[PDB]
Structure formats: C-alpha cells, structure tokens
Amino acid sequence: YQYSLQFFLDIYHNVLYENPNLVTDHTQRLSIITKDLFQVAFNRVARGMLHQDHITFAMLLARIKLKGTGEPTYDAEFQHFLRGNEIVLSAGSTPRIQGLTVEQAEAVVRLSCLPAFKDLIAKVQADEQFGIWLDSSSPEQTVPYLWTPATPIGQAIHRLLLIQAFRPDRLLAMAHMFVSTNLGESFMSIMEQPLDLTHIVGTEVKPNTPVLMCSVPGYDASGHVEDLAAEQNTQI
Amino acid sequence: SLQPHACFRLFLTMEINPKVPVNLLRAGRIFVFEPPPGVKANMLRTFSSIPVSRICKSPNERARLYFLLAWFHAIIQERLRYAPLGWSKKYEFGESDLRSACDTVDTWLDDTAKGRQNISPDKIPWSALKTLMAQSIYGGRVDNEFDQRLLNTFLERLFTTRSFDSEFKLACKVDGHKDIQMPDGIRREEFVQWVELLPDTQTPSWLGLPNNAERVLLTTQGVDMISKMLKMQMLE
Amino acid sequence: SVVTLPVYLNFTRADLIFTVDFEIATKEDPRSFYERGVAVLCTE
C-alpha cells in the first residue's frame, strides 16, 4: 500500500461534506468532524490492509489521538512499552519464583525501571490472593492494581505494560481494549462485518481510479465482482 | 491520462506479489481479501454469500442445514489458522467447495422432499450428504488418512443433531461449565440474529482444539506488532 | 476402546512413520483424541 496525497484529499472530501446527523453549531461540529475523520481514515485503510496489520494502525491512531489531546502524556511509559524487549535488563538478579517463571521474572526486572512500578517485587508477594488475575487463568478482563489520581488512558497504559510483563499472549486483547477505551468501544467493529462492495464501489471510488482487488493465494474474488455486476445489472 | 465516463470502474484483481508496480498501487484504491478471522465473521460472510431466495425456498428445514453447513465451513476454515493441529497441511479450503456443498444440499433436498413444506427429521438424507462431502467435496483435498478421519468425525458429530433435537451441543466453548448449544430458531433471520448474538471473544476450544494452541502464536504476533513499532517510531 | 495415533518425525508433522494403538481411560472420549490432533513426535 503506497497511498498518495489524493487519497487523503478524497478522504477529506468524504469528511467535510458528508456529515452524519447534519447540527450547525461549530463546537459540536469540530468534534464530529474529528471523530468522523478518524473513523473513515481507519476504515478506508483497513479495507486495504491485512488483519495482522490492523492493530498497529489502531495503535498509531490512538497515539495520534493522545498527542492531540489536554491530557497527561505518559511518553516514558510509552517508550518503555515500545522498546522493553530491545532495552538492556539487569543480569544476575533473581526475583521470587513463587508463581512467576524466569522469563516473567526478567520482564518484572525490566518493568521495575518504571517510576510508577517501583515497588514491583513486593507487590507480587503482597497480592498472594490474586494468583489468577496477574498470572495464569484468563487475565483479559481483570488486571490487578494500577500504575495518585490516574487517567483511564493512563490506567489502560499501565494495564498494557503489566500484561506485557506478565501474560504476553493476551497483548492483542489489551491493545483492542486500549483502543476501545481511547477511541470508542465500536471503533473497529465495522471490520468484523463483510465487505459491502456495492456502496464502496459506487460511491467512494473515482471513475479514473481503478479498483485494485488484491488477494492472498488460495482466496480470490473474481466471483465477487461477477456477483456485483450481476446484482447491479451491469455488463462486464 | 484519460477521462472516463463517470459510472465506470476498471477492476484489476491480482495476487499480492512484488512484481506489481508501485505506480499502479499508487493509482488505485486497494482492497485485500483474506480468509476472515473468527467463526462469527466467517459465518456472517458465508450467510451474506448465500442469497435469501435460495435459503427461504421449500422445504422449511433448508435453513437449519444451511446453518449447519455454514458452521462446518467456518470451523474447517478457522482450523486452517492453527496448523499443524487444525489440519496437517495448508489446504485451500476456498469458496468453490462451499458452493458445491450448497449445490449438493439443494439437489438432494429437492430429491428427498418431493415438494413438501417440511420433513420429519428421520428422512433427511444424512448419509448422502455426509459421504458426498467427506469423499468428493471436502475430502477431495484431503491427503492423509488421519485428516480424513478428523473430517469424518466432525461430519458425524455435526450432522446428526439427534435428528434436529433441541439442546444440542455444537461444541464446548469453555472447559469449565460452558458450551455452545444449537439455536432453536426455525427461520433464516433467527439464525442470522443468533450469529450476531455470538460473544466476540473466542478460544481455539470453539473448534475442539486445546486452548493453548493459539497461545504461543499469539505471543509471537504480539512481538511482531512491537517489531512493526520499530518501523514507525524509529522513523518518527 | 482403542485410539490410533500417528507418529510424526517432528513438529511440522509432514513425515508420517507408523501408527500406535493406545487404550483409552475409563472416562475419556475418542472424539476428543481425534479432534485435538493428538500425535507422537520423535524429534523434539
């Protein structure tokens, strides 16, 4: 995908003049334009994006929204989340092996450099009753403790860092609910639905702009275009 | 260099290859086709592929068999992701096999139901559909005898339904005190609204796999997302 | 009952070697053993 500037300008031409629930008050209109812009840019990119690359684009959109917000930017925690595996950790330090493995202990050692997560080794032994929420079981819903008054975005970043230190298989679920808390709980729920080819072909596509139909091997879409021409009574 | 008629779209379908030039990728709106993630989204795409006139025909038990065929196609396409435990090879379980299965279902239901609105569930051609799908339609791509045994086990479990009895377990979603039971709706719209009533969370245990089968793989793609971060923030 | 399990050469499971017949327990089911992809790996 090599998007030009005219793709972005066509996105804005679908932003500025296609107003849902069209309000005539500029205070609501600015927020409506911003949310409509973010959602339609995510949709018009993720329609031409593999599913493995969806959550990275959602993470970048959430980061741009956070930097566009007044909001306490936890950019040191962002940097530690973004480069914790490539950073240097300690050598020869052994935390408790009571319910945490060696890799989990090394991740706790790496995470202990954060200022909010400073009393990390005492926290995993003080909360001995929470042997299921932190490690093992299903840590998708419940996350123990916190990072002082903290924002829900900052609490979500602290939960994301705690899960990436503790239970790294549920990292994508944490990223999904971080986008849900940051951008909206139904931000990417359109992408679960099948591709409505008719409206996107008939409205969003310019006549001199071709419709590129990229396919993975083993899953083509020639019959999709055949059915689209059949329902619309057009001859291909 | 050309101005076209307004109501025209040139469709160019191709595989995802490096030999596609970057100028034509710049020129067009790209839409990428993948096997859809999740049983719910796969069954939504399957139900959107089958038209309403085909399923709502006589007899009235056509919709239950179409729902069972959609569930079977969804679980054997979602098992393809968890290789080499879902299937021993990366088969191409596309849409032509599903269309041939639908055609055989329609033809054998027209042969069995002689214009009747309903059939008692003992007289449905179970063995014909089971063998013709296990040996020709979905068994055509099967190499190993153990893959054929797994396909026969899935078809013998799925297509019985205690002769369309209610409270029939489709699978076991959670090993602890949960299962997916057969929806008791007798129409197509009940099946579609039951598909949309599915919880969006899923385990590999939906497909009979152990819950850990995706687990390490999930960790891998989490780190993959972090690796993709090293393409953005290093350039930031 | 008795369950037949293949023996694969490694974890890619692309090289079948031989089959093993195993007795099942008093509470298990053969459909679960056929469904979960229970096999034997020699090189691991």
# chains A, B, ... in the order shown; residues from 1 in each chain; ligands from 1
>>> closest_atom_pairs(of="chain C", to="chain B", cutoff="10 Å", atoms="only C-alpha atoms", output="CSV")
residue,atom,partner,partner_atom,distance
C:4,CA,B:146,CA,9.3
C:5,CA,B:146,CA,8.7
C:6,CA,B:146,CA,8.0
C:11,CA,B:84,CA,8.0
C:12,CA,B:84,CA,6.6
C:13,CA,B:88,CA,6.6
C:14,CA,B:88,CA,7.2
C:16,CA,B:144,CA,9.1
C:30,CA,B:153,CA,9.7
C:31,CA,B:153,CA,6.9
C:32,CA,B:208,CA,7.2
C:33,CA,B:208,CA,9.6
C:34,CA,B:150,CA,6.0
C:35,CA,B:208,CA,5.8
C:36,CA,B:209,CA,4.7
C:37,CA,B:85,CA,5.2
C:38,CA,B:85,CA,8.3
C:39,CA,B:85,CA,9.3
>>> interface_residues(of="chain B", to="chain A", cutoff="6 Å", atoms="only C-alpha atoms", output="ChimeraX atom specification")
/B:6,8-16,26,28-33,41,45,92,94,215,218-219,222
>>> residues_around(residues="residue 164 of chain B", least_positions_apart="3", cutoff="8 Å", atoms="only C-alpha atoms", output="PyMOL selection string")
chain B and resi 121+160-161
>>> write_last_selection(atoms="N, CA and C atoms", output="PDB file, in the first residue's frame")
ATOM      1  N   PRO B 121     -37.537 -35.456  10.800  1.00  0.00           N
ATOM      2  CA  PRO B 121     -36.063 -35.410  10.734  1.00  0.00           C
ATOM      3  C   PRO B 121     -35.383 -36.752  10.497  1.00  0.00           C
ATOM      4  N   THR B 160     -25.654 -35.074  12.844  1.00  0.00           N
ATOM      5  CA  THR B 160     -26.695 -35.863  13.493  1.00  0.00           C
ATOM      6  C   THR B 160     -27.751 -34.964  14.126  1.00  0.00           C
ATOM      7  N   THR B 161     -27.326 -34.109  15.069  1.00  0.00           N
ATOM      8  CA  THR B 161     -28.153 -33.193  15.871  1.00  0.00           C
ATOM      9  C   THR B 161     -29.280 -33.897  16.623  1.00  0.00           C
TER      10      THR B 161
END
>>> atom_distance(atom1="atom CA of residue 91 of chain B", atom2="atom CA of residue 78 of chain B")
11.9 Å
>>> atom_distance(atom1="atom CA of residue 165 of chain B", atom2="atom CA of residue 25 of chain C")
29.6 Å
